[PDB]
Amino acid sequence: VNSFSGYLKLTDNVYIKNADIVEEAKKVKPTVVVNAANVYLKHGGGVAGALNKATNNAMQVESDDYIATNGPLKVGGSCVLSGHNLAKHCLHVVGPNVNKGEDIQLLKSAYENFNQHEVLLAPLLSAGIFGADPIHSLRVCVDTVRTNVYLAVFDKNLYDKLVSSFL
Ligand SMILES: O=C1CC[C@H](Nc2ncnc3[nH]c4cc(F)ccc4c23)C(=O)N1
C-alpha cells in the first residue's frame with residue numbers, strides 16, 4: 001500500500017492520473033520523482049522547468065555541479081540526484097527529443113531506467129515539448145517498465161485521449 005490517490009489502473013504495475021506532477025510530488029513526497037531531463041540538465045521548460053521552479057532553482061544548482069563533474073548524460077540515460085522539497089530523489093531521465101532529430105527507438109532505453117526503482121512518480125517520456133506522440137510513449141512505458149509507475153498527465157484533454165485509446 002502506498003499514498004498515491006485517484007489513479008486509474010492501466011496494468012498490473014502502471015497507473016495514470018490527470019495531474020500536475022509538481023503538485024502531485026508536493027502532496028505525496030514520493031521516494032522517486034522522474035524529471036523529463038535533457039543531456040545538459042538544463043531545466044528550462046516543460047516538466048523540467050516546472051520541477052526546477054518548484055525547488056527555487058536548487059535543482060538547477062545541483063545539476064550544474066553534476067555536469068561540471070561528470071559531463072552530459074546520454075540520450076536514453078539517467079542520473080539520480082536530490083528530490084529537494086518534492087521527493088526523496090529525482091531520477092533525471094533523458095528521452096529522445098524529436099524536435100532535435102533524436103532516434104525514437106531510444107525511448108525504450110529511457111524507460112528502462114525506471115526498472116531500477118520499485119515505485120516512481122513520472123511524466124510520459126518524450127511527450128510535451130520533446131515532440132513524441134504521447135500515445136506511443138504510454139505504449140512503450142507499459143511494455144518496458146516492470147516496477148510500479150504512477151504517471152501524471154498535465155493536460156486533461158490528452159489524459160482522456162490516452163485512457164480512451166489504451167489497448
Ligand atoms: O512538455 C511536456 C507536456 C506534457 C507532459 N508534461 C507534464 N506532465 C505532468 N506534469 C506536468 N507539469 C507541467 C508543468 C509545466 F509548467 C509544464 C509541463 C508540465 C507537465 C510532458 O511529458 N512534457
# chains A, B, ... in the order shown; residues from 1 in each chain; ligands from 1
>>> residues_around(residues="residue 2 (chain A)", least_positions_apart="2", cutoff="12 Å", atoms="only C-alpha atoms", output="count of residues only")
14
>>> select_by_dssp(residues="chain A", states="helix (DSSP H, G or I)", output="PyMOL selection string")
chain A and resi 21-28+46-54+58-70+98-100+106-116+128-130+134-144+156-164
>>> write_last_selection(atoms="C-alpha atoms", output="short mmCIF file (atom, residue, chain, number, x, y, z; two decimals), in the first residue's frame")
data_model
loop_
_atom_site.label_atom_id
_atom_site.label_comp_id
_atom_site.auth_asym_id
_atom_site.auth_seq_id
_atom_site.Cartn_x
_atom_site.Cartn_y
_atom_site.Cartn_z
CA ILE A 21 3.40 16.42 -11.44
CA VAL A 22 4.68 19.34 -9.34
CA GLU A 23 1.55 19.45 -7.19
CA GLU A 24 1.42 15.66 -7.07
CA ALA A 25 5.03 15.48 -5.88
CA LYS A 26 4.47 18.16 -3.22
CA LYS A 27 1.48 16.21 -1.88
CA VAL A 28 2.84 12.65 -2.00
CA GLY A 46 8.25 21.64 -19.89
CA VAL A 47 8.22 19.32 -16.91
CA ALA A 48 11.86 20.08 -16.08
CA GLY A 49 11.32 23.83 -15.97
CA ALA A 50 8.30 23.32 -13.73
CA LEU A 51 10.05 20.93 -11.32
CA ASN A 52 13.09 23.18 -11.09
CA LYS A 53 10.97 26.29 -10.43
CA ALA A 54 9.24 24.46 -7.56
CA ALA A 58 18.08 24.37 -6.22
CA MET A 59 17.63 21.54 -8.74
CA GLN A 60 19.48 23.60 -11.37
CA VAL A 61 22.32 24.50 -8.98
CA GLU A 62 22.80 20.83 -8.06
CA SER A 63 22.56 19.83 -11.72
CA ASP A 64 25.20 22.32 -12.85
CA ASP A 65 27.64 20.86 -10.32
CA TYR A 66 26.79 17.35 -11.54
CA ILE A 67 27.52 18.28 -15.17
CA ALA A 68 30.72 20.13 -14.27
CA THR A 69 31.98 16.92 -12.62
CA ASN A 70 30.58 14.22 -14.91
CA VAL A 98 12.04 14.57 -31.69
CA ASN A 99 12.39 18.32 -32.21
CA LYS A 100 16.17 17.65 -32.21
CA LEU A 106 15.90 5.36 -27.61
CA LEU A 107 12.58 5.84 -25.82
CA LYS A 108 12.62 2.21 -24.68
CA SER A 109 16.15 2.62 -23.29
CA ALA A 110 14.98 5.74 -21.43
CA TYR A 111 12.10 3.87 -19.78
CA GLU A 112 14.43 1.00 -18.78
CA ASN A 113 15.95 3.37 -16.20
CA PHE A 114 12.65 3.20 -14.29
CA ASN A 115 13.23 -0.51 -13.56
CA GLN A 116 15.99 0.39 -11.09
CA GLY A 128 5.17 17.57 -24.50
CA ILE A 129 7.97 19.77 -25.84
CA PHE A 130 10.09 16.68 -26.60
CA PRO A 134 2.23 10.58 -26.06
CA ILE A 135 0.11 7.56 -27.04
CA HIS A 136 3.28 5.86 -28.27
CA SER A 137 5.17 6.89 -25.14
CA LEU A 138 2.47 5.29 -22.97
CA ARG A 139 2.69 2.07 -25.01
CA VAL A 140 6.48 1.92 -24.60
CA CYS A 141 6.11 2.62 -20.87
CA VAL A 142 3.65 -0.24 -20.37
CA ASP A 143 5.76 -2.62 -22.46
CA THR A 144 9.09 -1.68 -20.78
CA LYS A 156 -6.85 16.88 -19.24
CA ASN A 157 -7.70 16.56 -22.92
CA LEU A 158 -4.60 14.43 -23.52
CA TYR A 159 -5.33 12.30 -20.44
CA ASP A 160 -8.82 11.44 -21.69
CA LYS A 161 -7.40 10.53 -25.10
CA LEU A 162 -4.71 8.34 -23.52
CA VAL A 163 -7.25 6.40 -21.47
CA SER A 164 -9.86 6.05 -24.21
#
>>> select_by_dssp(residues="chain A", states="strand (DSSP E or B)", output="ChimeraX atom specification")
/A:8-9,14-18,32-36,78-82,89-93,119-122,148-153
>>> write_last_selection(atoms="C-alpha atoms", output="mmCIF file, in the first residue's frame")
data_model
loop_
_atom_site.group_PDB
_atom_site.id
_atom_site.type_symbol
_atom_site.label_atom_id
_atom_site.label_comp_id
_atom_site.auth_asym_id
_atom_site.auth_seq_id
_atom_site.Cartn_x
_atom_site.Cartn_y
_atom_site.Cartn_z
ATOM 1 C CA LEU A 8 -6.715 4.785 -12.985
ATOM 2 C CA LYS A 9 -5.065 1.354 -13.132
ATOM 3 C CA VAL A 14 1.126 1.177 -14.387
ATOM 4 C CA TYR A 15 -1.286 3.814 -13.075
ATOM 5 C CA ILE A 16 -2.310 7.144 -14.645
ATOM 6 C CA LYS A 17 -3.884 10.407 -13.468
ATOM 7 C CA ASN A 18 -4.675 13.859 -14.831
ATOM 8 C CA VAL A 32 11.363 8.989 -6.647
ATOM 9 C CA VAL A 33 10.042 11.683 -8.972
ATOM 10 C CA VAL A 34 11.147 11.421 -12.597
ATOM 11 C CA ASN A 35 12.276 14.532 -14.448
ATOM 12 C CA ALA A 36 11.992 14.892 -18.229
ATOM 13 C CA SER A 78 19.674 8.917 -16.400
ATOM 14 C CA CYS A 79 21.149 10.037 -13.123
ATOM 15 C CA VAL A 80 19.837 10.082 -9.556
ATOM 16 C CA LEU A 81 20.015 13.439 -7.785
ATOM 17 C CA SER A 82 18.211 15.010 -4.843
ATOM 18 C CA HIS A 89 15.226 11.517 -5.051
ATOM 19 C CA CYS A 90 14.841 12.853 -8.561
ATOM 20 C CA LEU A 91 15.597 10.431 -11.393
ATOM 21 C CA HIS A 92 16.596 12.667 -14.317
ATOM 22 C CA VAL A 93 15.805 10.633 -17.453
ATOM 23 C CA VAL A 119 7.990 2.875 -7.263
ATOM 24 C CA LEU A 120 8.100 6.147 -9.230
ATOM 25 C CA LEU A 121 6.012 9.220 -9.964
ATOM 26 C CA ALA A 122 6.714 10.121 -13.579
ATOM 27 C CA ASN A 148 5.290 0.418 -10.164
ATOM 28 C CA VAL A 149 4.879 3.658 -12.108
ATOM 29 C CA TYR A 150 2.370 6.426 -11.376
ATOM 30 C CA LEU A 151 2.038 8.614 -14.464
ATOM 31 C CA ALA A 152 0.941 12.241 -14.147
ATOM 32 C CA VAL A 153 -0.504 13.797 -17.304
#
